[PDB]
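Data block below; observations after.
Note that we place each Cβ from the backbone using ideal geometry, even for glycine, and neighbour counts take in every protein chain shown. The values are calculated or read from the model by the stated rules, or taken from the named source; these are not laboratory values.
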Amino acid sequence: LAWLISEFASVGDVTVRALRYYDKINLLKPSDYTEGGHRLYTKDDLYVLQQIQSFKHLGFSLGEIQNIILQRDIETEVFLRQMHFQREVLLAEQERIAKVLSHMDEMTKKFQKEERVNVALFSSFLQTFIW
Amino acid sequence: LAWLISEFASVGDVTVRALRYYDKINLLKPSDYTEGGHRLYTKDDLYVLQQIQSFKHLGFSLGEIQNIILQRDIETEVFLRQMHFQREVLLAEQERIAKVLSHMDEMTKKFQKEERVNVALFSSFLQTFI
Amino acid sequence: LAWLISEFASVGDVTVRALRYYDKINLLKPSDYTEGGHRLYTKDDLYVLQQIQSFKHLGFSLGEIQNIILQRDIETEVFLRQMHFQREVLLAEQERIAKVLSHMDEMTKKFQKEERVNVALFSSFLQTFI
Amino acid sequence: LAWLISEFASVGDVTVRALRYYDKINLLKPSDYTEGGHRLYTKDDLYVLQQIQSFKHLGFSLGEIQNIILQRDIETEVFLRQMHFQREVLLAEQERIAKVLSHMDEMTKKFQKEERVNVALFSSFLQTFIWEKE
């Protein structure tokens, strides 16, 4: 009762293109085989897929995920550091987006009235939107 | 004013590496060259650099940015519609991040004590939160 | 005929996550709904989606894409100028990878017979590639 | 040897903003500071910077790079395994970019003589072309 590529895609909500990709870089290869070849993914493949999705969610790259998955347990300490790292990346990003939003809402209020703007003048203003 | 690539890089907080790329793809070519090949940047180039920086900030692709920087004036709507859209993009990102951070707290709470974290167990547990 | 978000994900080679996101940021919202209260996509939505996919294939940002579609038709001259730009961007990336790969094989072959790969040294030899 | 943040930025061909960020996420922190508060980067910090760049150049992520730079040396078998995986990612991109350029050459040829590009029509030709050469 293995799955066709298209079935697996629907099941794990991944595009077929993304599956061919993961299979290609050897991050997730379908486990089954009939005769005359043929793909076919299994229920164990789904867990690994879900595993991959769990770590992308946390911000890890295919490289790290590959490393992680190639193990049963990855020892807390080192792992928490890994995840805590991704956390700092997120926090830094959270602060960055907050500012960008503020800069744009600001720029809008400043230029809404203008039918046209000098591209340069509209940059110098956005630039002075830092100390 | 005149800037040798390295001095230009430094004054615009951009790498010498980036400048060579903007030059290659023709996004920002130096207005002048030394007589021995070395490139020389002008104050104008500095504004073009400032501009590339500004619009990249607004979410514009490098291709659209070029077109914009090649016109003195432009219909204000081009920027207005863009920031408006990016605003929604960034708001969805804030939510997406606030959630991920929240999920990490949970993850830390559940395996902070263990000697090892079972990848399969970890993933299924995290999946619970989706 | 129409589709529910799941069947639409299949028709248009995309995911439900993607579709929900597009719905949230108002880049693509379903043209209809079922009495049950579910998203129900039209053949028209399917085409808008195809358009989003295209263009995104080019270095176009979501925001730029919405503008492209709403415009219905765009000036060929400027458009092909942006695509030719992206072409240079892609050719630069293509040659960049070519370099990275050969650098990869050099280092790979050099540290091949060592017991351990000293990170600091590895980096040192790589750097010395000029 | 010692570097202030600007001197250090110029040396590793990295921006000041990038250095502040690395500092913020604990990827690369100044090992010494000035009595007035300014960061003082060391020769040791200089090696870590170059390692970060060397692996960035190879396409590794910052997280991956942190794991790497946190351990002096790695077991050759495993190292190569990791290099090989990354080498595949690069081959995938190389191949993908080749199709894109190709797709763009076709589309350019198609609307080259048209005053306007009809979005919906364009999208149909691009999709038919991508699939046609599947």
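Yes or no, residue by residue, for (1) in the same structural domain as B:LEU91 (by CATH); (2) touching a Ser or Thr at 6+ places or on another chain (Cβ under 9 Å); (3) surrounded by fewer than 17 Cβ atoms within 10 Å (Cβ to Cβ):
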{"position": "B:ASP32", "(1), (2), (3)": "no, yes, yes"}
{"position": "B:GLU35", "(1), (2), (3)": "no, no, yes"}
{"position": "B:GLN51", "(1), (2), (3)": "no, yes, no"}
{"position": "B:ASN67", "(1), (2), (3)": "no, no, no"}
Among the helices (runs of 4 or more DSSP H) lying completely within the stretch C:1-85, list those that include at least 1 residues that are within 9 Å of another protein chain (Cβ to nearest Cβ) and under 22 Å from A:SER6 (Cβ atoms). C:5-11, C:16-24, C:43-56
So which residues in the stretch D:27-43 are buried (at least 18 other Cβ atoms within 10 Å of the Cβ) and in contact with a strand residue (DSSP E or B) (Cβ under 9 Å, 6 or more places away or on another chain)? D:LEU28, D:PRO30, D:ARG39, D:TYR41
Read through the list (1) in contact with a helix residue (DSSP H, G or I) (Cβ under 7 Å, 6 or more places away or on another chain); (2) within 19 Å of D:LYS99 (Cβ to Cβ); (3) more than 10 Å from chain B (Cβ to nearest Cβ), then give the number of the only condition that C:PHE111 fails. (2)
Residue that is surrounded by the fewest Cβ atoms within 10 Å (Cβ to Cβ) [pool: residues in the stretch A:104-131 that are β-branched (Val, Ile, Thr) and facing another protein chain (nearest Cβ under 7 Å)]: A:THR108
Pairs only if they're at least six apart or on different chains, beta carbon under 7 angstrom, first in the stretch B:108-130 and surrounded by 14 or more Cβ atoms within 10 Å (Cβ to Cβ), second basic (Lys, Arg); list them, first residue then second. B:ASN118/A:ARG72; B:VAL119/A:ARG72; B:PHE125/B:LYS110
Positions within the stretch B:77-122 being closer than 15 Å to A:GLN82 by Cα and of a type in the set (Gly, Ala, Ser), in sequence order: none
Can you find a residue that is without any contact (Cβ under 8 Å) to a residue 12 or more places away in the chain, outside any helix (DSSP H, G or I) and more than 9 Å from chain C (Cβ to nearest Cβ) anywhere in the stretch D:51-64? yes
Within the stretch A:78-95, the residues that are surrounded by 13 or more Cβ atoms within 10 Å (Cβ to Cβ) and either facing chain B (nearest Cβ under 7 Å) or of a type in the set (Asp, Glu) (or both) are A:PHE79, A:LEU80, A:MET83, A:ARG87, A:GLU88, A:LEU90, A:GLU93, A:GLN94
Check the stretch A:8-19 and report whether any residue there is loosely packed, with under 13 Cβ neighbours inside 10 Å, farther than 30 Å from B:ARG81 by Cβ, over 17 Å from the mean Cα position of the chain (by Cα) and free of Cβ contacts under 8 Å to residues at least 60 places away in the same chain. no
What number goes with the only condition from (1) without any contact (Cβ under 8 Å) to a residue 24 or more places away in the chain; (2) more than 7 Å from every other protein chain (Cβ to nearest Cβ); (3) within 25 Å of C:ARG87 (Cα to Cα); (4) over 20 Å from the mean Cα position of the chain (by Cα) that D:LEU101 does not pass? (2)
Tell me, please, whether a residue that is under 30 Å from D:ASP105 (Cα atoms) and either in the same structural domain as C:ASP23 (by CATH) or among the aromatic types (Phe, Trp, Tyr) (or both) can be found in the stretch C:87-100. no
